[PDB]
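In order, the protein sequence lines correspond to chains B and A.
Just add 2 to wherever you are in the first sequence, counting from 1, and you've got the entry's author numbering.
Residues 2 to 360, 367 to 373 in the entry's author numbering are what the second sequence lists, from first letter to last.
Beta carbons are placed, not taken as given, at the ideal position from N, Cα and C, and that holds for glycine.
Please read the structure below before turning to the comments.
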Amino acid sequence: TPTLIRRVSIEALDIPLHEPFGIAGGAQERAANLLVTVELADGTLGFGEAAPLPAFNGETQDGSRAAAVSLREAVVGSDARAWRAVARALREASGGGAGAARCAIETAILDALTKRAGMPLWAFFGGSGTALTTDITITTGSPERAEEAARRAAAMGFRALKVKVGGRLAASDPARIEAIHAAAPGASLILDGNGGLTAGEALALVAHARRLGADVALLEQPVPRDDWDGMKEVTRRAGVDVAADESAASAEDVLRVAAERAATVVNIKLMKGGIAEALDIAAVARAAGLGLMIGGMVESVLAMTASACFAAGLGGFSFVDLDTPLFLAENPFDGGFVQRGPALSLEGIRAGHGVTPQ
Amino acid sequence: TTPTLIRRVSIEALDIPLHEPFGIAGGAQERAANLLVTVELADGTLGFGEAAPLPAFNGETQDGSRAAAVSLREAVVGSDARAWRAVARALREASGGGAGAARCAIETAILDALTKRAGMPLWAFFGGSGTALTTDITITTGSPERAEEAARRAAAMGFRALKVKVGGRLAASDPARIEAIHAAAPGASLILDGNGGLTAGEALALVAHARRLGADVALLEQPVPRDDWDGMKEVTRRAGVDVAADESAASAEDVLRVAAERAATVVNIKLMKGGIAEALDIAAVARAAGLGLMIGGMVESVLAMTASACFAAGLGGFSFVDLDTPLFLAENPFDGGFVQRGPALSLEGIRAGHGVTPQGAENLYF
Numbered sequence: 003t004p005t006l007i008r009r010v011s012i013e014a015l016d017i018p019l020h021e022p023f024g025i026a027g028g029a030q031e032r033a034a035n036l037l038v039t040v041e042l043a044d045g046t047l048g049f050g051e052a053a054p055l056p057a058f059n060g061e062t063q064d065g066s067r068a069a070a071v072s073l074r075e076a077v078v079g080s081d082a083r084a085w086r087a088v089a090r091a092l093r094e095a096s097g098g099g100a101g102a103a104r105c106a107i108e109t110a111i112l113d114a115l116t117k118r119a120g121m122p123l124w125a126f127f128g129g130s131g132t133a134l135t136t137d138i139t140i141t142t143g144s145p146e147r148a149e150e151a152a153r154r155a156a157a158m159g160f161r162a163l164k165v166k167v168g169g170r171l172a173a174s175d176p177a178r179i180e181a182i183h184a185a186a187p188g189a190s191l192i193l194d195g196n197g198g199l200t201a202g203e204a205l206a207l208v209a210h211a212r213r214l215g216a217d218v219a220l221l222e223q224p225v226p227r228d229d230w231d232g233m234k235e236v237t238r239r240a241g242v243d244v245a246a247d248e249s250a251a252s253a254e255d256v257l258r259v260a261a262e263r264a265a266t267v268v269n270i271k272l273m274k275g276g277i278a279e280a281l282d283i284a285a286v287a288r289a290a291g292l293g294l295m296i297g298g299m300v301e302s303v304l305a306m307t308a309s310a311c312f313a314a315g316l317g318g319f320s321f322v323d324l325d326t327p328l329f330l331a332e333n334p335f336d337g338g339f340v341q342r343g344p345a346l347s348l349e350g351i352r353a354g355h356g357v358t359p360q
Numbered sequence: 002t003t004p005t006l007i008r009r010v011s012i013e014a015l016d017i018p019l020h021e022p023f024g025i026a027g028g029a030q031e032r033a034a035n036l037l038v039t040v041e042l043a044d045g046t047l048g049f050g051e052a053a054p055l056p057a058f059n060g061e062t063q064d065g066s067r068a069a070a071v072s073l074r075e076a077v078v079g080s081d082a083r084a085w086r087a088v089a090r091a092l093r094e095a096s097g098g099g100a101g102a103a104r105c106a107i108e109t110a111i112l113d114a115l116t117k118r119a120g121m122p123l124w125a126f127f128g129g130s131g132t133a134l135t136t137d138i139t140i141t142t143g144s145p146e147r148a149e150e151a152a153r154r155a156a157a158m159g160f161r162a163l164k165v166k167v168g169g170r171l172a173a174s175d176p177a178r179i180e181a182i183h184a185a186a187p188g189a190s191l192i193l194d195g196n197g198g199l200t201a202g203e204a205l206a207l208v209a210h211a212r213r214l215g216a217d218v219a220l221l222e223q224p225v226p227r228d229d230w231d232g233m234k235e236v237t238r239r240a241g242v243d244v245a246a247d248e249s250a251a252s253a254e255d256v257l258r259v260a261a262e263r264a265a266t267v268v269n270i271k272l273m274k275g276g277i278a279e280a281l282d283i284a285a286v287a288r289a290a291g292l293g294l295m296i297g298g299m300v301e302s303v304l305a306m307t308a309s310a311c312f313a314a315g316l317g318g319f320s321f322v323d324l325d326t327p328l329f330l331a332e333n334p335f336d337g338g339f340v341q342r343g344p345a346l347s348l349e350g351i352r353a354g355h356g357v358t359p360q367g368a369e370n371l372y373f
């Protein structure tokens, strides 16, 4: 059987970070990710990315590697056509953990499966469209640096801006939103708390934004997941859409998020629990009445093209937050999406997710 | 020219004789009055689908479905088969969520063409969790004698699960019907299917009867009508066995509600109620909500049935398989599909699409 999985290889994917559009970078961070290569018995190669992020859920580069080395056995000798069974077997074999290693494996599998079929991964997911419009992140920091980044972004076509708020440097938030809004007044704002706010603090921030004139399109995970009360409060009161990220870790979370009104939008990420889980979270969310958002960790072109294919294929996504390749200094890959400012195009992808290592 | 654009959709009569009429709660089908939909791609790939509307189930007819497909042609012809979800979304919107059987035919024919030209079996497309299923078989309305008979024949062929139709014109039969069945197939699990032609009162009593005869009633299926939500709730609470929503679970939305209201513990998913896209969403909401999954159908040939088996076996996770209508048809106008060995359905020989091919047509180009 030409689809049996023959080998799973794992190597470093260390990709330097820079600030988009020229600006002064600083101390030089790197995205410490992994490239997973799945090889079928007929020689087909599929490709996936593990982008673990410690600050999001404690997963790490070496930990993901050790994870995939372990899962390797449970995958080798299985049929790639049995993709959902393998994803199940991966889940059982990791105790439900190690979401980024499993994501890399499932992506590599589906990439191999669809590319040998002559099929684009966007079509596999449904091909509702091939075009997305992404937001771009305004990196935390000065009121004056946020001004300049809002300015540059607007200059390259970006009309939707995701602004990190709270936590470290939170006293500056009001000034930041001031400067960003005055710099890019035509621009839409996503206020992303990453669980860093009290309910009261997030309300005051939205209220200040709107009194300025800013179109606040969305308030993202303002309070921590365990603050169900804060999530319900903010959703009830904000008068804008509120997104669950941490509060939407499973399909069972989105039923709860729906039934309690803890948010109106779900941020879905492939890296969190893999493609099988993410496909279920999206159907439950759409059934339950909530808006759909596609996101990611700090991902190269490979993992983001994959997310793009999922979102474009499934259709019906209101928010797209897939800007991470703009923050990368190098690109070790051929193919993938085509970007024109916020405009993302998958028209050109004809086989799997179309990304291949140079 | 893009190979996967839809150049032509045909629709033709698919009339297959039933040996005996297929009796449900107030409804007999004496012919399967279905349609065959053929989608042809620009590269020449043919994809095949089946509309099996069942008037007695939800009011769709052969001719209603035929006219609906024709009205929908523009949402289909000239569209890319790679965009199957956009096509289903556009059929669903131009239909208002009606015309389920026509929409299933079309999405089935598109997916069939998309996968076959790609050399991908449909069960693989759906997830490939397995390639084998075990079907129940149905003991349809009539005397308590032709049921006694039917139950022994099924038990001998290997059927460990029996679905007994109940209610309607002949509901005095049911209590004895179930006696004659348990005695003849003592190893057999039972599904009592009401097709909404009962009250709660009856449903619960009819269970209780069966329970104390020693019968393993494994499921009570939709005993009350679709908009008796209180009755579904009551039977789910007091029955003591699993309850399936069928008529009450036509959208993923209904399934969320069925879960939250505790109106069933099981969902009967059919490709034909709302098409394949609707069905994918319902399966996910159903496992999310903790509901068991049942894969069922209308009165379908080998074509729509194999599509369903590819769906259920690809997805994995199904507790009930009720895919037994080809057993009731006096002919099989198709080659390929699942291989059947009594209750056993095998999909291993399906190499591309659903593997089914046929052995005046409405013809639609542009």
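If you compare alpha carbons, which of B:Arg154, B:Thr139 and B:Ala114 is closest to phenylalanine 23 of chain B? B:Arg154
May I ask you to report which of helix, strand or coil DSSP gives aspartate 64 of chain A? helix
For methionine 295 of chain A: DSSP bridge partner residues: A:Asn269 and A:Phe321
Taking the straight line between their C-alpha atoms, what separation do you get for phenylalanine 373 of chain A and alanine 34 of chain A? 28 Å
Got a sec: which bits of the region 314-327 of chain A sit with their beta carbon under 8 Å from any beta carbon on chain B, in order along the chain? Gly315, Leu316 and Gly317
Short Cβ contact (7 Å threshold) for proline 344 of chain A with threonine 136 of chain A: yes
Nearest candidate by alpha-carbon position, reference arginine 213 of chain B, set B:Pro224, B:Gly198, B:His183 and B:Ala308: B:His183
Look at the alpha carbon of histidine 20 of chain B and the alpha carbon of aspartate 194 of chain B, and state the distance between them as a whole number of angstroms. 21 Å
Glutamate 301 of chain B, enclosing beta strand (DSSP E) - first and last residue: It is not in any beta strand (DSSP E) - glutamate 301 of chain B carries neither H nor E in the DSSP assignment.
Run through the DSSP bridge pairs and tell me what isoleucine 25 of chain A is partnered with. A:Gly28
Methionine 299 of chain B at chain A interface by Cβ criterion, 7 Å: no
Give the DSSP-derived three-state secondary structure of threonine 46 of chain A in the structure shown. coil
Evaluate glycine 276 of chain A with the Cβ neighbour count: other Cβ atoms within 10 Å of its Cβ, from every protein chain shown; 16 or more gives buried, anything less gives exposed. buried
Have a look at B:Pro224, B:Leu6, B:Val10 and B:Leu304 and flag the residue whose alpha-carbon is nearest the alpha-carbon of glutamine 360 of chain B. B:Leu304
Quick check: is the beta carbon of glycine 128 of chain A nearer than 7 Å to any beta carbon in chain B? yes
Under DSSP, the beta strand (DSSP E) around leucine 205 of chain A begins and ends at which residues? Segment 201-213 is the alpha helix (DSSP H) holding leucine 205 of chain A; no beta strand (DSSP E) there.
Per the contact definition of three or more C-beta pairs closer than 8 Å, is the region 215-235 of chain B in contact with the region 185-205 of chain B? yes
List the residues of chain B whose Cβ lies closer than 7 Å to the Cβ of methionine 158 of chain A, in chain order. In chain order: nothing, as chain B lies at least about 29 Å away.
Would you list the one or two residues that DSSP bridges to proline 18 of chain B? B:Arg32
By a C-beta neighbour count over all protein chains shown, 10 Å radius and 16 as the cutoff for buried, is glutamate 332 of chain A buried or exposed? exposed
At the level of alpha carbons, what is the spacing between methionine 306 of chain B and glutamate 13 of chain A? 44 Å
What are the residues in the region 245-268 of chain A lying within 9 Å of chain B by C-beta distance? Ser252, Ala253, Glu254, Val256, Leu257, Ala260 and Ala261
Let me know the secondary structure DSSP gives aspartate 194 of chain A once reduced to three states. strand
Which residue marks the beginning of the beta strand (DSSP E) containing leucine 221 of chain B, and which one marks its end? 217-222
Decide if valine 71 of chain A is buried, meaning its Cβ has at least 16 other Cβ atoms within 10 Å, or exposed. exposed
Mind checking which residues open and close the alpha helix (DSSP H) that includes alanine 102 of chain B? 101-118
Nearer than 6 Å: is that true of the beta carbon of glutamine 30 of chain A relative to any heavy atom of the ligand HEM? Annotation note on the ligand HEM: not contained in the displayed structure, which lists no ligands.
So for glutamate 349 of chain B, helix, strand or coil by DSSP? coil
Min CB distance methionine 121 of chain A to chain B below 7 Å: yes
Any 3 or more C-beta pairs closer than 8 Å across the region 48-66 of chain B and the region 108-115 of chain B: yes
If you compare alpha carbons, which of B:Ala76, B:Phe127 and B:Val357 is closest to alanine 84 of chain A? B:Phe127
Roughly how many angstroms separate the alpha carbons of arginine 9 of chain A and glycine 129 of chain A, rounded to a whole number? 30 Å
Residues of its chain near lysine 234 of chain B, where Cβ-Cβ distance is below 7 Å and the 5 sequence neighbours each way are ignored: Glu262, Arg263 and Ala264
Could you round the C-beta distance between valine 322 of chain B and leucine 134 of chain B to whole angstroms and report it? I think they count as a contact, below 8 Å. 5 Å
Since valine 78 of chain A is in the beta strand (DSSP E), which residue starts that stretch and which ends it? Where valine 78 of chain A is concerned, there is no enclosing beta strand (DSSP E), given that its DSSP letter is neither H nor E.
Chain B contact residues for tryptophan 85 of chain A, given Cβ-Cβ distances below 8 Å: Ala125, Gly128 and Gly129
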